[PDB]
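# Turn this into a structure:
(2 chains)
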Protein chains: 2
Amino acid sequence: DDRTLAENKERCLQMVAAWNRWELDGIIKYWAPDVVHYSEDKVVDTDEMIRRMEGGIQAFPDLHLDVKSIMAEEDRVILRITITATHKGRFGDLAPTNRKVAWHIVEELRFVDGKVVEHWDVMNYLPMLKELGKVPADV
Amino acid sequence: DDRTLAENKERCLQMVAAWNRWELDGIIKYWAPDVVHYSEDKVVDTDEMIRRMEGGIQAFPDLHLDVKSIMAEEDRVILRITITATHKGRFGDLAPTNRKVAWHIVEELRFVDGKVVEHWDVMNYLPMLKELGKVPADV
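Numbering: from 1, shown residues only, chains lettered A, B, ... in the order given. Now the structure:
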């Protein structure tokens, strides 16, 4: 059990290191073939999920995951993460602004036999949308 | 230690039930007098944090906290929560639309001797802003 918590946490920290080296392979290798992704209490198709990830790296090619807290109980792990980056790539049809941006995410992962079978996210990207002029500054 | 995790979880579920009857006293009584609130990696003054909570209830007087997951390790607890409500009170720039809204929050709480000494939140209210048309539907 203590062993289980520690090894699941070490897997999440490999996945963070993979994001930080910008190689989605180091992330996706930990996913079960039938992994389920949830965002906003809806299923996200795995293909859609990988396109979101590739889209993010492209817009924010220097992105860095700062793990503020990590927690494990039973087969789940939870990370509270602050992301910092520069807007150096296209972000949808928005041409690079080279502005420094930061936003906040929580990822909940469920492991069976060291594979991610379920993944839930809560992403606050409002601070980044504001800095890029994609939303009004007062919302 | 297993007993601490179980008691800290129950305190958090009692706070969620106080939100759900809109009685902020049933939340605040679990806080240390010198509790520190963090939002987007910024310290929020405790009395400010309460005015923010009062503001939410006024804009959304039927708001309901649905706990999707709860986890505990050491002296901390994390809750992943879906909020639902009707827009019946004025909301910043906007007058009541009576539209049903949903958004998503993660709360992380640190307890010493059964009192909250530290509180971090990550709130995605982008879905609610879209529903009230305060931001483009596509953003």
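# Now the residue in chain A positioned nearest to chain B: which helix or strand?
Of all residues in chain A, the one sitting closest to chain B is residue A:106 (4.1 Å; Cβ to the nearest Cβ). C-beta here means a position set from N, CA and C on the backbone, and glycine is covered the same way. Residue A:106 is part of strand A:100-112 when elements are defined by DSSP states H and E.
# Can you list the strands that that strand pairs with?
Sheet partners assigned to strand A:100-112 using DSSP bridges are listed as strand A:76-86 (antiparallel), strand A:115-124 (antiparallel).
# between those, which gets nearest to residue A:137?
strand A:115-124 (15.8 Å; Cβ to Cβ).
# Give me the distance from the helix or strand immediately after that closest one in the chain to the chain's centre.
Following strand A:115-124 in sequence order, the next helix or strand is helix A:126-131 (DSSP H and E). The chain centroid and the centroid of helix A:126-131 are separated by 17 Å under Cα atoms, centre = their mean, to the nearest Å.
# just checking, what packs against helix A:126-131?
Judged by 3 or more Cβ pairs under 8 Å, 6 or more residues apart in numbering or on different chains; DSSP states H and E, the packing partners of helix A:126-131 are strand A:100-112.
# Just the C-alpha atoms of the strand holding residue A:106, please, in CSV.
The C-alpha trace of strand A:100-112 is given here as CSV (Å, rounded to 0.1, in the frame of the first residue of the first chain):
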residue,chain,number,x,y,z
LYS,A,100,4.9,35.3,-20.6
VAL,A,101,1.8,33.3,-19.4
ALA,A,102,0.9,31.2,-16.4
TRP,A,103,-2.2,29.0,-15.5
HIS,A,104,-3.3,26.3,-13.0
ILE,A,105,-4.4,22.7,-13.3
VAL,A,106,-5.3,19.8,-11.1
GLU,A,107,-4.9,16.3,-12.6
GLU,A,108,-6.5,13.2,-10.9
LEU,A,109,-5.1,9.8,-12.2
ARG,A,110,-6.3,6.3,-11.4
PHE,A,111,-3.7,3.5,-11.8
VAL,A,112,-4.2,-0.3,-12.2
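# beta partners for the residue of chain A closest to chain B?
residue A:80, residue A:122.
# Confirm for me that it is in contact with residue A:79.
Yes: in this structure, residue A:106 is within contact of residue A:79 by Cβ atoms under 8 Å, at 6.9 Å.
# before we move on, the earlier item: next, the buried residues of the strand holding residue A:106.
A:101, A:103-111 (16 or more other Cβ atoms under 10 Å in any protein chain shown).
# next one: stretch A:58-73
A:59-60, A:63, A:65, A:70-73.
# and chain B, which of the residues you listed reach it?
A:71-73 (Cβ under 8 Å from any Cβ of the partner chain).
# Export these to CSV and append columns for secondary structure.
Output for these, formatted as CSV (DSSP: H, G, I helix; E, B strand; the rest coil):
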residue, secondary structure
A:71, strand
A:72, strand
A:73, strand
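# Can you tell me which of those comes closest to residue A:4?
residue A:72 (7.8 Å).
# hang on, isn't that closest one packed against residue A:10?
No: checked against Cβ under 8 Å, the pair residue A:72 and residue A:10 is beyond contact range at 10.1 Å.
# Which residues are in contact with residue A:125?
Neighbouring residues of residue A:125 by Cβ atoms under 8 Å, 6 or more residues apart in numbering or on different chains: A:103, B:126.
# actually residue A:35, sorry about that
A:46, A:115-119.
# Please enumerate residues in contact with the helix or strand harbouring residue A:48?
Assigned by DSSP H and E, residue A:48 falls within helix A:46-59. By Cβ under 8 Å, 6+ apart, the surrounding residues in contact with helix A:46-59 are A:22, A:24, A:27-28, A:31, A:35, A:37, A:44, A:63, A:87-91.
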